[PDB]
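For reference, start35.pdb is printed below; it contains PDB, C-alpha atoms and all ligand atoms.
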```pdb
ATOM      1  CA  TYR M   1      23.878  -2.764   2.933  1.00  0.00           C
ATOM      2  CA  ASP M   2      21.980  -4.806   0.256  1.00  0.00           C
ATOM      3  CA  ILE M   3      20.322  -2.148  -1.933  1.00  0.00           C
ATOM      4  CA  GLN M   4      18.071  -4.771  -3.602  1.00  0.00           C
ATOM      5  CA  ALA M   5      16.761  -6.451  -0.378  1.00  0.00           C
ATOM      6  CA  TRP M   6      13.714  -4.126  -0.135  1.00  0.00           C
ATOM      7  CA  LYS M   7      11.979  -5.886  -3.034  1.00  0.00           C
ATOM      8  CA  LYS M   8      11.598  -9.291  -1.404  1.00  0.00           C
ATOM      9  CA  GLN M   9      10.893  -7.560   1.946  1.00  0.00           C
ATOM     10  CA  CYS M  10       8.001  -5.740   0.226  1.00  0.00           C
ATOM     11  CA  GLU M  11       6.779  -8.945  -1.439  1.00  0.00           C
ATOM     12  CA  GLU M  12       6.671 -10.634   1.982  1.00  0.00           C
ATOM     13  CA  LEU M  13       4.865  -7.670   3.560  1.00  0.00           C
ATOM     14  CA  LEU M  14       2.271  -7.698   0.727  1.00  0.00           C
ATOM     15  CA  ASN M  15       1.771 -11.420   1.367  1.00  0.00           C
ATOM     16  CA  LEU M  16       1.082 -10.624   5.073  1.00  0.00           C
ATOM     17  CA  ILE M  17      -1.302  -7.790   4.013  1.00  0.00           C
ATOM     18  CA  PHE M  18      -3.219 -10.196   1.695  1.00  0.00           C
ATOM     19  CA  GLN M  19      -3.585 -12.663   4.717  1.00  0.00           C
ATOM     20  CA  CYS M  20      -5.056  -9.834   6.918  1.00  0.00           C
ATOM     21  CA  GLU M  21      -8.876  -9.810   6.812  1.00  0.00           C
ATOM     22  CA  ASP M  22      -8.658  -5.986   7.026  1.00  0.00           C
ATOM     23  CA  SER M  23      -7.171  -5.879   3.467  1.00  0.00           C
ATOM     24  CA  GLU M  24     -10.312  -7.444   1.902  1.00  0.00           C
ATOM     25  CA  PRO M  25     -11.805  -4.117   0.595  1.00  0.00           C
ATOM     26  CA  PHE M  26      -8.432  -2.983  -0.828  1.00  0.00           C
ATOM     27  CA  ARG M  27      -7.168  -6.127  -2.625  1.00  0.00           C
ATOM     28  CA  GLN M  28      -8.656  -5.148  -6.032  1.00  0.00           C
ATOM     29  CA  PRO M  29      -9.646  -1.808  -7.630  1.00  0.00           C
ATOM     30  CA  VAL M  30     -12.944  -0.213  -6.483  1.00  0.00           C
ATOM     31  CA  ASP M  31     -15.803  -1.243  -8.872  1.00  0.00           C
ATOM     32  CA  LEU M  32     -17.634   1.788 -10.463  1.00  0.00           C
ATOM     33  CA  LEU M  33     -21.047  -0.055 -10.351  1.00  0.00           C
ATOM     34  CA  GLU M  34     -21.156  -0.665  -6.526  1.00  0.00           C
ATOM     35  CA  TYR M  35     -19.673   2.840  -5.825  1.00  0.00           C
ATOM     36  CA  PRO M  36     -20.833   4.794  -8.891  1.00  0.00           C
ATOM     37  CA  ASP M  37     -19.617   8.235  -7.635  1.00  0.00           C
ATOM     38  CA  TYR M  38     -16.094   6.933  -6.753  1.00  0.00           C
ATOM     39  CA  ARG M  39     -14.176   8.750  -9.555  1.00  0.00           C
ATOM     40  CA  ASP M  40     -16.059  12.046  -8.716  1.00  0.00           C
ATOM     41  CA  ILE M  41     -14.182  11.939  -5.331  1.00  0.00           C
ATOM     42  CA  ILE M  42     -10.974   9.935  -6.085  1.00  0.00           C
ATOM     43  CA  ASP M  43      -8.600  11.073  -8.844  1.00  0.00           C
ATOM     44  CA  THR M  44      -6.083   8.177  -8.596  1.00  0.00           C
ATOM     45  CA  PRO M  45      -7.454   4.736  -7.648  1.00  0.00           C
ATOM     46  CA  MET M  46      -5.001   2.334  -6.039  1.00  0.00           C
ATOM     47  CA  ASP M  47      -5.246  -1.173  -4.564  1.00  0.00           C
ATOM     48  CA  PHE M  48      -2.903  -3.850  -3.298  1.00  0.00           C
ATOM     49  CA  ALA M  49      -3.097  -6.046  -6.412  1.00  0.00           C
ATOM     50  CA  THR M  50      -1.950  -3.067  -8.505  1.00  0.00           C
ATOM     51  CA  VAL M  51       0.905  -2.449  -6.016  1.00  0.00           C
ATOM     52  CA  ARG M  52       1.986  -6.124  -6.126  1.00  0.00           C
ATOM     53  CA  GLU M  53       1.802  -6.233  -9.936  1.00  0.00           C
ATOM     54  CA  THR M  54       3.854  -2.994 -10.226  1.00  0.00           C
ATOM     55  CA  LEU M  55       6.483  -4.495  -7.878  1.00  0.00           C
ATOM     56  CA  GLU M  56       6.548  -7.856  -9.700  1.00  0.00           C
ATOM     57  CA  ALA M  57       6.834  -6.108 -13.127  1.00  0.00           C
ATOM     58  CA  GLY M  58       9.973  -4.388 -11.927  1.00  0.00           C
ATOM     59  CA  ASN M  59       8.266  -0.963 -12.104  1.00  0.00           C
ATOM     60  CA  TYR M  60       9.235   0.300  -8.636  1.00  0.00           C
ATOM     61  CA  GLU M  61      12.779   1.668  -8.325  1.00  0.00           C
ATOM     62  CA  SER M  62      12.640   2.056  -4.497  1.00  0.00           C
ATOM     63  CA  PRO M  63      10.495   1.108  -1.548  1.00  0.00           C
ATOM     64  CA  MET M  64       9.587   4.813  -1.146  1.00  0.00           C
ATOM     65  CA  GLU M  65       7.652   4.600  -4.433  1.00  0.00           C
ATOM     66  CA  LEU M  66       5.787   1.460  -3.215  1.00  0.00           C
ATOM     67  CA  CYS M  67       5.103   3.206   0.118  1.00  0.00           C
ATOM     68  CA  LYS M  68       3.598   6.232  -1.710  1.00  0.00           C
ATOM     69  CA  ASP M  69       1.157   3.977  -3.606  1.00  0.00           C
ATOM     70  CA  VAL M  70       0.159   2.024  -0.449  1.00  0.00           C
ATOM     71  CA  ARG M  71      -0.403   5.328   1.385  1.00  0.00           C
ATOM     72  CA  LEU M  72      -2.655   6.374  -1.550  1.00  0.00           C
ATOM     73  CA  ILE M  73      -4.870   3.308  -0.865  1.00  0.00           C
ATOM     74  CA  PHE M  74      -5.371   4.627   2.652  1.00  0.00           C
ATOM     75  CA  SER M  75      -5.823   8.304   1.722  1.00  0.00           C
ATOM     76  CA  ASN M  76      -8.400   7.271  -0.904  1.00  0.00           C
ATOM     77  CA  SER M  77     -10.345   5.381   1.763  1.00  0.00           C
ATOM     78  CA  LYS M  78     -10.234   8.407   4.109  1.00  0.00           C
ATOM     79  CA  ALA M  79     -11.385  10.734   1.290  1.00  0.00           C
ATOM     80  CA  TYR M  80     -14.228   8.417   0.134  1.00  0.00           C
ATOM     81  CA  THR M  81     -15.573   7.495   3.568  1.00  0.00           C
ATOM     82  CA  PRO M  82     -18.890   9.166   4.515  1.00  0.00           C
ATOM     83  CA  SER M  83     -17.963   8.739   8.223  1.00  0.00           C
ATOM     84  CA  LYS M  84     -14.844   8.320  10.379  1.00  0.00           C
ATOM     85  CA  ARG M  85     -16.867   5.420  11.989  1.00  0.00           C
ATOM     86  CA  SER M  86     -17.214   3.552   8.623  1.00  0.00           C
ATOM     87  CA  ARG M  87     -16.479  -0.220   8.612  1.00  0.00           C
ATOM     88  CA  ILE M  88     -14.192  -0.058   5.536  1.00  0.00           C
ATOM     89  CA  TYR M  89     -12.429   3.149   6.749  1.00  0.00           C
ATOM     90  CA  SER M  90     -11.912   1.528  10.197  1.00  0.00           C
ATOM     91  CA  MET M  91     -10.316  -1.498   8.435  1.00  0.00           C
ATOM     92  CA  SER M  92      -8.051   0.923   6.491  1.00  0.00           C
ATOM     93  CA  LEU M  93      -6.775   2.525   9.715  1.00  0.00           C
ATOM     94  CA  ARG M  94      -5.812  -0.809  11.273  1.00  0.00           C
ATOM     95  CA  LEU M  95      -4.188  -1.980   8.072  1.00  0.00           C
ATOM     96  CA  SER M  96      -2.308   1.339   7.751  1.00  0.00           C
ATOM     97  CA  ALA M  97      -0.937   0.946  11.304  1.00  0.00           C
ATOM     98  CA  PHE M  98       0.197  -2.592  10.452  1.00  0.00           C
ATOM     99  CA  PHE M  99       1.779  -1.442   7.170  1.00  0.00           C
ATOM    100  CA  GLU M 100       3.606   1.522   8.760  1.00  0.00           C
ATOM    101  CA  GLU M 101       4.925  -0.685  11.606  1.00  0.00           C
ATOM    102  CA  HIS M 102       6.449  -3.098   9.038  1.00  0.00           C
ATOM    103  CA  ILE M 103       7.601  -0.699   6.259  1.00  0.00           C
ATOM    104  CA  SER M 104       9.718   1.533   8.567  1.00  0.00           C
ATOM    105  CA  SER M 105      12.672  -0.952   8.720  1.00  0.00           C
ATOM    106  CA  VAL M 106      12.427  -1.606   4.948  1.00  0.00           C
ATOM    107  CA  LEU M 107      12.767   2.106   4.246  1.00  0.00           C
ATOM    108  CA  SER M 108      15.491   2.678   6.834  1.00  0.00           C
ATOM    109  CA  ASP M 109      17.597  -0.262   5.588  1.00  0.00           C
ATOM    110  CA  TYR M 110      17.233   0.757   1.954  1.00  0.00           C
ATOM    111  CA  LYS M 111      18.184   4.366   2.638  1.00  0.00           C
ATOM    112  CA  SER M 112      21.168   3.281   4.787  1.00  0.00           C
ATOM    113  CA  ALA M 113      22.316   0.824   2.040  1.00  0.00           C
ATOM    114  CA  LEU M 114      22.131   3.572  -0.557  1.00  0.00           C
ATOM    115  CA  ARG M 115      24.082   5.995   1.672  1.00  0.00           C
ATOM    116  CA  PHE M 116      26.733   3.266   2.131  1.00  0.00           C
ATOM    117  CA  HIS M 117      26.811   2.673  -1.649  1.00  0.00           C
ATOM    118  CA  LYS M 118      27.440   6.414  -2.305  1.00  0.00           C
ATOM    119  CA  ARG M 119      29.833   6.908   0.702  1.00  0.00           C
TER     120      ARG M 119
HETATM  121  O1  LIG Y   1     -15.768  -2.217  -2.274  1.00  0.00           O
HETATM  122  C1  LIG Y   1     -14.690  -1.652  -2.328  1.00  0.00           C
HETATM  123  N1  LIG Y   1     -13.657  -2.142  -3.150  1.00  0.00           N
HETATM  124  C2  LIG Y   1     -13.807  -3.291  -3.965  1.00  0.00           C
HETATM  125  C3  LIG Y   1     -12.921  -4.372  -3.818  1.00  0.00           C
HETATM  126  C4  LIG Y   1     -13.033  -5.502  -4.628  1.00  0.00           C
HETATM  127  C5  LIG Y   1     -14.056  -5.555  -5.587  1.00  0.00           C
HETATM  128  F1  LIG Y   1     -14.166  -6.639  -6.329  1.00  0.00           F
HETATM  129  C6  LIG Y   1     -14.968  -4.498  -5.769  1.00  0.00           C
HETATM  130  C7  LIG Y   1     -14.827  -3.355  -4.951  1.00  0.00           C
HETATM  131  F2  LIG Y   1     -15.651  -2.303  -5.122  1.00  0.00           F
HETATM  132  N2  LIG Y   1     -14.373  -0.452  -1.531  1.00  0.00           N
HETATM  133  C8  LIG Y   1     -12.958  -0.333  -1.133  1.00  0.00           C
HETATM  134  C9  LIG Y   1     -12.612   0.878  -0.334  1.00  0.00           C
HETATM  135  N3  LIG Y   1     -13.743   1.801  -0.133  1.00  0.00           N
HETATM  136  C10 LIG Y   1     -13.513   2.753   0.812  1.00  0.00           C
HETATM  137  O2  LIG Y   1     -12.387   3.110   1.007  1.00  0.00           O
HETATM  138  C11 LIG Y   1     -14.610   3.213   1.630  1.00  0.00           C
HETATM  139  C12 LIG Y   1     -14.643   4.005   2.727  1.00  0.00           C
HETATM  140  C13 LIG Y   1     -15.967   3.959   3.208  1.00  0.00           C
HETATM  141  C14 LIG Y   1     -16.644   3.167   2.366  1.00  0.00           C
HETATM  142  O3  LIG Y   1     -15.818   2.691   1.364  1.00  0.00           O
HETATM  143  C15 LIG Y   1     -14.427   2.137  -1.389  1.00  0.00           C
HETATM  144  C16 LIG Y   1     -15.089   0.837  -1.883  1.00  0.00           C
END
```
Kindly transcribe the structure held in the file into C-alpha cells.
Ligand SMILES: O=C(Nc1ccc(F)cc1F)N1CCN(C(=O)c2ccco2)CC1
Amino acid sequence: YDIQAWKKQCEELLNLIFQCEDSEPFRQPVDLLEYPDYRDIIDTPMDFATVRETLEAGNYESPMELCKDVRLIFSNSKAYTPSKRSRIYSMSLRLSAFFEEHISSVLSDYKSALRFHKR
C-alpha cells in the first residue's frame, strides 16, 4: 500500500525500455529536418527522454499521467506512419506490448494503495 512506490517502478521500467533496441526511434524527440512534415501531422510530440525527465523532475503526480505520455509516443507513431508495415511503427507495436505488460501492475498497485489510503 506504498503510494510512492510507482515512481521507482517507472524509473526501472524506463531503464528496461532504454535497453530495448525497439525504443531506438523513440528515445529523443523527432527531428524536424529528417521528418520535415512531422508537426503538420502530430500536434503533441513525445519521447522517452522527455518522459524520464518529467518523472525525474517530480512533474508526474501519478503513474496514470506517465502512462498517458508513453501512450502518446505510440499513438504519434501510428498517426505518422505511412504504412502499418513500417519498420519504426512495427518497433512501436512491440515496445507498446512490452510497456503495457509491465505498467499494468504499477497502475493496479498504485490505485489499490490510494484506495487503502482513503479507506
Ligand atoms: O527518427 C525518428 N525519431 C528521432 C529520434 C532521435 C533523433 F535524434 C532524431 C529523430 F528524428 N522517428 C521516430 C518515430 N517516427 C515514427 O513514429 C514513424 C512511423 C513511421 C515512420 O516514422 C517518426 C520519426
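Take the candidates M:22, M:109, M:2, M:61 and check each one against residue 97 (chain M) using all atoms listed in the file; the shortest distance goes to M:22.
For the pair CA of residue 57 (chain M) and CA of residue 98 (chain M), the interatomic distance is 24.7 Å.
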Neighbourhood of ligand LIG 1 (chain Y) at 6 Å, counting only C-alpha atoms and all ligand atoms, reported as a count of residues only = 13
key: Two-atom distance - CA of residue 115 (chain M), CA of residue 3 (chain M) (Å)   = 9.7 Å
ask   = Once the PyMOL selection byres (((chain M and resi 1) around 12) and not hetatm) has been applied to the shown file, what residues remain in the selection, as a count of residues only?
value = 18
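In terms of minimum interatomic distance to residue 10 (chain M), M:51 ranks closest within M:51, M:72, M:79, M:93, counting only C-alpha atoms.
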